[PDB]
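With JSON, C-alpha atoms inside, this is upload.json:
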[["chain", "number", "residue", "atom", "x", "y", "z"],
["P", 6, "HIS", "CA", 16.73, 23.37, 1.01],
["P", 7, "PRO", "CA", 14.79, 21.17, -0.07],
["P", 8, "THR", "CA", 12.89, 20.11, 3.10],
["P", 9, "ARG", "CA", 12.61, 16.55, 4.44],
["P", 10, "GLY", "CA", 8.86, 17.03, 3.93],
["P", 11, "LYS", "CA", 9.40, 18.01, 0.29],
["P", 12, "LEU", "CA", 11.53, 14.91, -0.24],
["P", 13, "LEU", "CA", 9.08, 12.58, 1.48],
["P", 14, "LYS", "CA", 6.19, 13.90, -0.61],
["P", 15, "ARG", "CA", 8.05, 13.73, -3.91],
["P", 16, "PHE", "CA", 9.39, 10.21, -3.15],
["P", 17, "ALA", "CA", 5.91, 8.96, -2.20],
["P", 18, "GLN", "CA", 4.74, 10.18, -5.65],
["P", 19, "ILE", "CA", 7.04, 7.72, -7.43],
["P", 20, "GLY", "CA", 4.58, 4.97, -6.40],
["P", 21, "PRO", "CA", 4.04, 2.25, -3.77],
["P", 22, "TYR", "CA", 7.70, 2.03, -2.66],
["P", 23, "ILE", "CA", 8.60, 4.41, 0.19],
["P", 24, "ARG", "CA", 7.87, 3.18, 3.74],
["P", 25, "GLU", "CA", 7.48, 6.45, 5.69],
["P", 26, "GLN", "CA", 7.49, 4.75, 9.12],
["P", 27, "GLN", "CA", 10.98, 3.38, 8.41],
["P", 28, "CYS", "CA", 12.33, 6.77, 7.25],
["P", 29, "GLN", "CA", 14.02, 9.00, 9.80],
["P", 30, "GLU", "CA", 16.20, 12.13, 9.66],
["P", 31, "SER", "CA", 18.35, 12.02, 6.51],
["P", 32, "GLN", "CA", 17.55, 8.31, 5.82],
["P", 33, "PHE", "CA", 14.79, 7.02, 3.53],
["P", 34, "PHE", "CA", 13.58, 3.45, 3.10],
["P", 35, "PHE", "CA", 11.95, 1.84, 0.03],
["P", 36, "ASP", "CA", 11.02, -1.74, -0.78],
["P", 37, "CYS", "CA", 9.10, -3.91, -3.19],
["P", 38, "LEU", "CA", 7.39, -7.21, -2.51],
["P", 39, "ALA", "CA", 7.91, -8.41, -6.10],
["P", 40, "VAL", "CA", 7.12, -12.15, -6.12],
["P", 41, "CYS", "CA", 5.25, -14.31, -3.64],
["P", 42, "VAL", "CA", 7.35, -17.19, -2.29],
["P", 43, "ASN", "CA", 4.60, -19.74, -1.86],
["P", 44, "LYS", "CA", 0.84, -19.23, -2.19],
["P", 45, "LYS", "CA", 0.05, -22.47, -0.32],
["P", 46, "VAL", "CA", 0.83, -20.47, 2.83],
["P", 47, "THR", "CA", -2.06, -18.59, 4.45],
["P", 48, "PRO", "CA", -2.10, -14.95, 3.20],
["P", 49, "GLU", "CA", -0.96, -13.32, 6.46],
["P", 50, "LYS", "CA", 2.07, -15.68, 6.67],
["P", 51, "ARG", "CA", 3.14, -15.31, 3.06],
["P", 52, "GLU", "CA", 6.63, -14.23, 2.21],
["P", 53, "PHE", "CA", 8.05, -12.42, -0.83],
["P", 54, "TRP", "CA", 11.15, -12.23, -2.97],
["P", 55, "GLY", "CA", 12.06, -8.63, -3.76],
["P", 56, "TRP", "CA", 14.33, -5.72, -2.93],
["P", 57, "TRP", "CA", 14.83, -3.05, -0.32],
["P", 58, "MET", "CA", 16.79, 0.15, -0.49],
["P", 59, "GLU", "CA", 18.29, 2.62, 2.00],
["P", 60, "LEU", "CA", 18.78, 6.19, 0.77],
["P", 61, "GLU", "CA", 21.09, 8.41, 2.89],
["P", 62, "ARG", "CA", 20.94, 12.17, 2.45],
["P", 63, "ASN", "CA", 24.26, 13.99, 2.45],
["P", 64, "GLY", "CA", 23.45, 17.63, 1.66],
["P", 65, "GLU", "CA", 22.38, 17.73, -1.99],
["P", 66, "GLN", "CA", 23.55, 14.13, -2.48],
["P", 67, "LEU", "CA", 21.35, 11.02, -2.00],
["P", 68, "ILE", "CA", 23.36, 7.84, -1.51],
["P", 69, "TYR", "CA", 21.62, 4.59, -2.53],
["P", 70, "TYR", "CA", 22.07, 1.05, -1.33],
["P", 71, "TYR", "CA", 19.86, -1.69, -2.79],
["P", 72, "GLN", "CA", 19.75, -5.31, -1.61],
["P", 73, "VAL", "CA", 17.87, -8.21, -3.16],
["P", 74, "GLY", "CA", 16.32, -10.89, -1.02],
["P", 75, "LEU", "CA", 13.50, -12.26, 1.04],
["P", 76, "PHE", "CA", 10.81, -10.52, 3.10],
["P", 77, "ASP", "CA", 9.73, -13.08, 5.75],
["P", 78, "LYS", "CA", 6.60, -13.25, 8.04],
["P", 79, "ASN", "CA", 7.92, -10.61, 10.52],
["P", 80, "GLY", "CA", 8.49, -8.03, 7.84],
["P", 81, "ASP", "CA", 12.29, -8.63, 8.08],
["P", 82, "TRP", "CA", 14.37, -8.42, 4.91],
["P", 83, "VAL", "CA", 17.15, -11.06, 4.52],
["P", 84, "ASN", "CA", 19.82, -10.87, 1.76],
["P", 85, "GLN", "CA", 19.01, -14.32, 0.24],
["P", 86, "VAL", "CA", 17.26, -14.85, -3.02],
["P", 87, "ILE", "CA", 15.86, -17.87, -4.79],
["P", 88, "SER", "CA", 18.21, -18.95, -7.58],
["P", 89, "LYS", "CA", 15.57, -18.81, -10.37],
["P", 90, "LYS", "CA", 16.17, -16.72, -13.49],
["P", 91, "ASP", "CA", 12.51, -15.76, -13.92],
["P", 92, "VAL", "CA", 12.08, -14.53, -10.32],
["P", 93, "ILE", "CA", 15.41, -12.67, -10.36],
["P", 94, "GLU", "CA", 14.38, -11.02, -13.67],
["P", 95, "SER", "CA", 11.08, -9.93, -12.15],
["P", 96, "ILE", "CA", 12.81, -8.43, -9.11],
["P", 97, "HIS", "CA", 15.33, -6.69, -11.37],
["P", 98, "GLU", "CA", 12.65, -5.21, -13.66],
["P", 99, "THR", "CA", 10.77, -3.64, -10.69],
["P", 100, "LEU", "CA", 14.07, -2.29, -9.34],
["P", 101, "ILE", "CA", 15.27, -0.78, -12.60],
["P", 102, "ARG", "CA", 11.90, 0.81, -13.24],
["P", 103, "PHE", "CA", 11.86, 2.29, -9.73],
["P", 104, "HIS", "CA", 15.43, 3.54, -10.02],
["P", 105, "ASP", "CA", 14.54, 5.30, -13.28],
["P", 106, "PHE", "CA", 11.64, 7.13, -11.59],
["P", 107, "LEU", "CA", 13.91, 7.95, -8.63],
["P", 108, "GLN", "CA", 16.51, 9.44, -11.02],
["P", 109, "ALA", "CA", 13.80, 11.63, -12.55],
["P", 110, "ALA", "CA", 12.49, 12.81, -9.16],
["P", 111, "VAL", "CA", 15.99, 13.60, -7.80],
["P", 112, "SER", "CA", 16.83, 15.53, -11.01],
["P", 113, "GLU", "CA", 13.63, 17.58, -10.56],
["P", 114, "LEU", "CA", 14.69, 18.27, -6.93],
["P", 115, "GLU", "CA", 18.07, 19.55, -8.31],
["P", 116, "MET", "CA", 19.88, 16.91, -6.27],
["P", 117, "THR", "CA", 22.15, 14.04, -7.32],
["P", 118, "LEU", "CA", 21.98, 10.27, -6.77],
["P", 119, "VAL", "CA", 25.17, 8.37, -6.00],
["P", 120, "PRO", "CA", 25.73, 4.68, -5.23],
["P", 121, "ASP", "CA", 26.84, 3.59, -1.76],
["P", 122, "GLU", "CA", 30.34, 2.06, -1.74],
["P", 123, "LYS", "CA", 28.66, -1.27, -0.83],
["P", 124, "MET", "CA", 27.01, -1.31, -4.28],
["P", 125, "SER", "CA", 30.31, -2.77, -5.59],
["P", 126, "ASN", "CA", 28.90, -6.15, -4.40],
["P", 127, "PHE", "CA", 25.40, -5.71, -5.82],
["P", 128, "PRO", "CA", 24.84, -8.76, -8.04],
["P", 129, "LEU", "CA", 22.71, -7.24, -10.83],
["P", 130, "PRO", "CA", 23.35, -4.54, -13.43],
["P", 131, "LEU", "CA", 22.26, -1.00, -12.59],
["H", 5, "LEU", "CA", 4.05, -3.21, -11.70],
["H", 6, "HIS", "CA", 1.65, -5.90, -12.93],
["H", 7, "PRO", "CA", -1.29, -5.92, -12.69],
["H", 8, "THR", "CA", -1.52, -2.14, -13.31],
["H", 9, "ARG", "CA", -3.30, 0.47, -11.21],
["H", 10, "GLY", "CA", -5.83, 0.84, -14.06],
["H", 11, "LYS", "CA", -6.60, -2.91, -14.11],
["H", 12, "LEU", "CA", -6.98, -2.98, -10.31],
["H", 13, "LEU", "CA", -9.38, -0.03, -10.44],
["H", 14, "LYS", "CA", -11.64, -1.72, -13.02],
["H", 15, "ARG", "CA", -11.53, -5.06, -11.19],
["H", 16, "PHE", "CA", -12.40, -3.42, -7.87],
["H", 17, "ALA", "CA", -15.18, -1.34, -9.44],
["H", 18, "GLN", "CA", -16.81, -4.61, -10.57],
["H", 19, "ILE", "CA", -17.47, -5.55, -6.91],
["H", 20, "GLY", "CA", -20.11, -2.82, -6.63],
["H", 21, "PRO", "CA", -20.65, 0.84, -5.70],
["H", 22, "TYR", "CA", -17.79, 0.95, -3.14],
["H", 23, "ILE", "CA", -14.62, 2.15, -4.79],
["H", 24, "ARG", "CA", -14.26, 5.96, -5.13],
["H", 25, "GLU", "CA", -12.00, 6.50, -8.16],
["H", 26, "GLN", "CA", -11.47, 10.23, -7.52],
["H", 27, "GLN", "CA", -10.00, 9.36, -4.06],
["H", 28, "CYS", "CA", -7.72, 6.53, -5.16],
["H", 30, "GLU", "CA", -2.36, 7.65, -5.40],
["H", 31, "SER", "CA", -0.95, 4.11, -4.77],
["H", 32, "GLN", "CA", -3.90, 3.77, -2.34],
["H", 33, "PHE", "CA", -7.40, 2.67, -3.25],
["H", 34, "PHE", "CA", -10.39, 4.13, -1.38],
["H", 35, "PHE", "CA", -13.70, 2.36, -0.75],
["H", 36, "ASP", "CA", -16.74, 3.32, 1.31],
["H", 37, "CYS", "CA", -20.28, 2.35, 2.12],
["H", 38, "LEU", "CA", -23.21, 4.51, 3.26],
["H", 39, "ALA", "CA", -24.94, 1.80, 5.23],
["H", 40, "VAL", "CA", -27.50, 3.59, 7.45],
["H", 41, "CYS", "CA", -28.98, 7.04, 6.96],
["H", 42, "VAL", "CA", -28.57, 9.16, 10.11],
["H", 43, "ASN", "CA", -31.99, 10.85, 9.75],
["H", 44, "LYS", "CA", -34.22, 10.27, 6.71],
["H", 45, "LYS", "CA", -36.35, 13.34, 7.67],
["H", 46, "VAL", "CA", -33.45, 15.53, 6.45],
["H", 47, "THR", "CA", -33.46, 16.58, 2.77],
["H", 48, "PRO", "CA", -31.09, 14.57, 0.51],
["H", 49, "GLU", "CA", -28.66, 17.53, 0.23],
["H", 50, "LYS", "CA", -27.63, 17.56, 3.96],
["H", 51, "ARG", "CA", -28.10, 13.81, 4.62],
["H", 52, "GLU", "CA", -25.50, 11.98, 6.70],
["H", 53, "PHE", "CA", -24.76, 8.25, 7.00],
["H", 54, "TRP", "CA", -23.36, 5.71, 9.44],
["H", 55, "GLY", "CA", -21.06, 3.38, 7.56],
["H", 56, "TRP", "CA", -17.45, 2.49, 6.83],
["H", 57, "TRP", "CA", -14.52, 3.44, 4.71],
["H", 58, "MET", "CA", -11.43, 1.51, 3.74],
["H", 59, "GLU", "CA", -7.93, 2.36, 2.51],
["H", 60, "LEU", "CA", -6.19, -0.37, 0.53],
["H", 61, "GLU", "CA", -2.42, 0.10, 0.22],
["H", 62, "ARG", "CA", -0.29, -1.65, -2.44],
["H", 63, "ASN", "CA", 3.22, -3.03, -1.96],
["H", 64, "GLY", "CA", 4.11, -5.18, -4.95],
["H", 65, "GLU", "CA", 2.04, -8.38, -4.92],
["H", 66, "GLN", "CA", 0.53, -7.49, -1.51],
["H", 67, "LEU", "CA", -2.53, -5.32, -0.79],
["H", 68, "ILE", "CA", -3.03, -4.07, 2.73],
["H", 69, "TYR", "CA", -6.50, -3.12, 4.01],
["H", 70, "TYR", "CA", -7.55, -0.70, 6.76],
["H", 71, "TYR", "CA", -11.28, -0.31, 7.52],
["H", 72, "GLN", "CA", -12.76, 2.30, 9.82],
["H", 73, "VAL", "CA", -16.34, 2.60, 11.03],
["H", 74, "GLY", "CA", -18.00, 5.93, 11.43],
["H", 75, "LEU", "CA", -20.00, 8.85, 10.12],
["H", 76, "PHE", "CA", -20.17, 10.40, 6.66],
["H", 77, "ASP", "CA", -21.16, 13.95, 7.54],
["H", 78, "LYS", "CA", -22.93, 16.82, 5.69],
["H", 79, "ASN", "CA", -19.54, 18.06, 4.43],
["H", 80, "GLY", "CA", -18.71, 14.74, 2.79],
["H", 81, "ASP", "CA", -16.04, 13.87, 5.35],
["H", 82, "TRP", "CA", -15.67, 10.55, 7.14],
["H", 83, "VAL", "CA", -15.24, 10.70, 10.93],
["H", 84, "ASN", "CA", -14.34, 7.71, 13.08],
["H", 85, "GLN", "CA", -17.37, 8.01, 15.45],
["H", 86, "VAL", "CA", -20.39, 5.78, 15.38],
["H", 87, "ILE", "CA", -23.84, 5.93, 17.03],
["H", 88, "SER", "CA", -23.76, 3.51, 19.94],
["H", 89, "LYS", "CA", -26.72, 1.35, 18.80],
["H", 90, "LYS", "CA", -26.52, -2.41, 18.38],
["H", 91, "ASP", "CA", -28.85, -2.50, 15.36],
["H", 92, "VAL", "CA", -26.99, 0.20, 13.44],
["H", 93, "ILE", "CA", -23.58, -1.33, 14.14],
["H", 94, "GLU", "CA", -24.87, -4.76, 13.01],
["H", 95, "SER", "CA", -26.09, -3.32, 9.71],
["H", 96, "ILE", "CA", -22.74, -1.57, 9.08],
["H", 97, "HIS", "CA", -20.94, -4.78, 9.93],
["H", 98, "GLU", "CA", -23.10, -6.88, 7.57],
["H", 99, "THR", "CA", -22.25, -4.54, 4.62],
["H", 100, "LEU", "CA", -18.58, -4.72, 5.49],
["H", 101, "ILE", "CA", -18.33, -8.55, 5.70],
["H", 102, "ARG", "CA", -20.21, -9.03, 2.45],
["H", 103, "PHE", "CA", -17.98, -6.51, 0.68],
["H", 104, "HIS", "CA", -14.85, -8.09, 2.10],
["H", 105, "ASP", "CA", -15.85, -11.52, 0.83],
["H", 106, "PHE", "CA", -16.01, -10.05, -2.73],
["H", 107, "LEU", "CA", -12.72, -8.23, -2.23],
["H", 108, "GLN", "CA", -11.00, -11.45, -1.18],
["H", 109, "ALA", "CA", -12.26, -13.23, -4.29],
["H", 110, "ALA", "CA", -11.17, -10.32, -6.53],
["H", 111, "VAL", "CA", -7.64, -10.19, -5.05],
["H", 112, "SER", "CA", -7.34, -13.96, -5.46],
["H", 113, "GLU", "CA", -8.40, -13.60, -9.14],
["H", 114, "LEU", "CA", -5.76, -10.92, -9.52],
["H", 115, "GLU", "CA", -3.21, -13.43, -8.07],
["H", 116, "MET", "CA", -2.26, -11.07, -5.27],
["H", 117, "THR", "CA", -2.20, -11.29, -1.47],
["H", 118, "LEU", "CA", -4.64, -9.49, 0.86],
["H", 119, "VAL", "CA", -3.57, -8.77, 4.45],
["H", 120, "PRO", "CA", -4.80, -6.51, 7.23],
["H", 121, "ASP", "CA", -2.90, -3.31, 8.12],
["H", 122, "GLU", "CA", -1.25, -3.45, 11.58],
["H", 123, "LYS", "CA", -3.84, -0.83, 12.67],
["H", 124, "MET", "CA", -6.58, -3.40, 12.22],
["H", 125, "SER", "CA", -5.55, -4.59, 15.70],
["H", 126, "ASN", "CA", -7.75, -1.65, 16.85],
["H", 127, "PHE", "CA", -10.76, -2.43, 14.66],
["H", 128, "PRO", "CA", -13.71, -2.88, 17.00],
["H", 129, "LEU", "CA", -15.71, -5.57, 15.13],
["H", 130, "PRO", "CA", -15.04, -9.15, 14.09],
["H", 131, "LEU", "CA", -13.64, -9.76, 10.58]]
Would you mind giving the structure from this file in structure tokens?
Amino acid sequence: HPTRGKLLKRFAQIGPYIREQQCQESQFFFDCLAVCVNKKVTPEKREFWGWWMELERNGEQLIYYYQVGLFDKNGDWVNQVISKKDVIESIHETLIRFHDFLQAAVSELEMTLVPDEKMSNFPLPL
Amino acid sequence: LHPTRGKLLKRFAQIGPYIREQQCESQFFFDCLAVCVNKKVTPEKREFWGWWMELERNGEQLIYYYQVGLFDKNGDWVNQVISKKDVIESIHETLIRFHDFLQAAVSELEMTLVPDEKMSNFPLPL
């Protein structure tokens, strides 16, 4: 096919990125809590700068849409990022590394990765 | 991701005989054989009341999920516990002491430790 189950399993093998509970039919969800916002906050209320990605399946095509931003206390992602070079670089390194592994996994599945049209406004190289 | 899986494994192993390396992919596995079920049984078929814990990684965050139960003759953990105050108290004491070390290790690693949402159904204080 390959099966949704096959995809889920192979994507989970990339590492601690896929969030299975937020995946449904033909849509997969990945994220990365890359940098803590403020460690003075109690652990359970801490927030993180990072990225999240939505992967739509369209037959043998997987269509990717990454956003950079903020993961708040509720587990909501917001498209706002601290304007610090070092933090942005850290987010970008985790994203690039992930995308490289994703490329490899999709190639092994004999499928193809393609950017969402909204990636034209993505503010980092990829 | 930094720190690495390898570094986390070694750091967690330093806490004591809890982590089970052969059961750790983007998840770490810990357990504790707190109370022997019946000492009259030979050491081959011995079973234990205790706990096990799955620690998930997402970036700088580590997410813990403890369960209390029975480590059976087959080497499988089951979420059932003998309904005895003294046994439950002993399990609980091992768990709290372990958790205190885990908290200190995660802090040393400069990461954030938070309960899994399923810990809302954990039947003991933590």
Do you have, as a tab-separated table, the list of residues of chain H lying at most 12 Å from chain P, each with its nearest atom pair and that distance in Å to one decimal, counting all atoms listed in the file and ordered by chain then number?
residue	atom	partner	partner_atom	distance
H:5	CA	P:99	CA	6.8
H:6	CA	P:39	CA	9.6
H:7	CA	P:39	CA	11.6
H:8	CA	P:20	CA	11.6
H:9	CA	P:20	CA	10.3
H:30	CA	P:20	CA	7.5
H:31	CA	P:21	CA	5.4
H:32	CA	P:21	CA	8.2
H:33	CA	P:21	CA	11.5
H:60	CA	P:21	CA	11.4
H:61	CA	P:21	CA	7.9
H:62	CA	P:21	CA	6.0
H:63	CA	P:21	CA	5.6
H:64	CA	P:38	CA	4.6
H:65	CA	P:38	CA	6.0
H:66	CA	P:38	CA	6.9
H:67	CA	P:38	CA	10.2
H:68	CA	P:49	CA	10.2
H:69	CA	P:49	CA	11.9
H:108	CA	P:48	CA	10.5
H:111	CA	P:48	CA	11.0
H:112	CA	P:48	CA	10.2
H:115	CA	P:44	CA	9.2
H:116	CA	P:41	CA	8.3
H:117	CA	P:48	CA	5.9
H:118	CA	P:48	CA	6.5
H:119	CA	P:49	CA	5.6
H:120	CA	P:49	CA	7.9
H:121	CA	P:49	CA	10.3
H:122	CA	P:49	CA	11.1
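Shortest atom-to-atom contact with residue 67 of chain P among P:11, P:107, P:126, P:6: P:107, counting only C-alpha atoms.
Reported to one decimal place, the separation of atom CA of residue 76 of chain H from atom CA of residue 48 of chain H is 13.2 Å.
For the atom pair formed by atom CA of residue 59 of chain P and atom CA of residue 78 of chain P, the distance is 20.6 Å, given to one decimal.
Within the 12 Å cut-off around residue 88 of chain H, using all atoms listed in the file and omitting residues fewer than 3 positions from it on the same chain, the listed residues are residues 54, 73, 74, 75, 85, 91, 92, 93 and 94 of chain H.
Taking all atoms listed in the file into account, residue 94 of chain P lies nearest to P:54 out of the set P:108, P:70, P:54, P:65.
Atom pair atom CA of residue 86 of chain H / atom CA of residue 99 of chain H has a distance of 15.0 Å (rounded to one decimal).
Between residue 104 of chain P and the candidates P:62, P:131, P:75, P:27, the tightest atom-to-atom separation, counting all atoms listed in the file, involves P:131.
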Go through P:68, P:93, P:101, P:12 one by one, measure the shortest atom-to-atom distance of each to residue 123 of chain P using only C-alpha atoms, and give the residue with the smallest value.
P:68
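Excluding residue 10 of chain P and any residue on its chain fewer than 4 positions from it, the residues at most 12 Å away by all atoms listed in the file are residues 6, 14, 15, 16, 17, 25, 28, 29, 30, 31 and 33 of chain P.
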Tell me which residues come within 12 Å of (-22.6, 7.7, 10.9), as a PDB file with C-alpha atoms, in the coordinates of the input, counting only C-alpha atoms in the file's coordinates.
ATOM      1  CA  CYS H  37     -20.280   2.350   2.120  1.00  0.00           C
ATOM      2  CA  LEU H  38     -23.210   4.510   3.260  1.00  0.00           C
ATOM      3  CA  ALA H  39     -24.940   1.800   5.230  1.00  0.00           C
ATOM      4  CA  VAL H  40     -27.500   3.590   7.450  1.00  0.00           C
ATOM      5  CA  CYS H  41     -28.980   7.040   6.960  1.00  0.00           C
ATOM      6  CA  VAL H  42     -28.570   9.160  10.110  1.00  0.00           C
ATOM      7  CA  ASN H  43     -31.990  10.850   9.750  1.00  0.00           C
ATOM      8  CA  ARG H  51     -28.100  13.810   4.620  1.00  0.00           C
ATOM      9  CA  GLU H  52     -25.500  11.980   6.700  1.00  0.00           C
ATOM     10  CA  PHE H  53     -24.760   8.250   7.000  1.00  0.00           C
ATOM     11  CA  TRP H  54     -23.360   5.710   9.440  1.00  0.00           C
ATOM     12  CA  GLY H  55     -21.060   3.380   7.560  1.00  0.00           C
ATOM     13  CA  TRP H  56     -17.450   2.490   6.830  1.00  0.00           C
ATOM     14  CA  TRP H  57     -14.520   3.440   4.710  1.00  0.00           C
ATOM     15  CA  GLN H  72     -12.760   2.300   9.820  1.00  0.00           C
ATOM     16  CA  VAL H  73     -16.340   2.600  11.030  1.00  0.00           C
ATOM     17  CA  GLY H  74     -18.000   5.930  11.430  1.00  0.00           C
ATOM     18  CA  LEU H  75     -20.000   8.850  10.120  1.00  0.00           C
ATOM     19  CA  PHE H  76     -20.170  10.400   6.660  1.00  0.00           C
ATOM     20  CA  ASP H  77     -21.160  13.950   7.540  1.00  0.00           C
ATOM     21  CA  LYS H  78     -22.930  16.820   5.690  1.00  0.00           C
ATOM     22  CA  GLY H  80     -18.710  14.740   2.790  1.00  0.00           C
ATOM     23  CA  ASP H  81     -16.040  13.870   5.350  1.00  0.00           C
ATOM     24  CA  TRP H  82     -15.670  10.550   7.140  1.00  0.00           C
ATOM     25  CA  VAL H  83     -15.240  10.700  10.930  1.00  0.00           C
ATOM     26  CA  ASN H  84     -14.340   7.710  13.080  1.00  0.00           C
ATOM     27  CA  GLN H  85     -17.370   8.010  15.450  1.00  0.00           C
ATOM     28  CA  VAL H  86     -20.390   5.780  15.380  1.00  0.00           C
ATOM     29  CA  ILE H  87     -23.840   5.930  17.030  1.00  0.00           C
ATOM     30  CA  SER H  88     -23.760   3.510  19.940  1.00  0.00           C
ATOM     31  CA  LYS H  89     -26.720   1.350  18.800  1.00  0.00           C
ATOM     32  CA  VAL H  92     -26.990   0.200  13.440  1.00  0.00           C
ATOM     33  CA  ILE H  93     -23.580  -1.330  14.140  1.00  0.00           C
ATOM     34  CA  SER H  95     -26.090  -3.320   9.710  1.00  0.00           C
ATOM     35  CA  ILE H  96     -22.740  -1.570   9.080  1.00  0.00           C
TER      36      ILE H  96
END
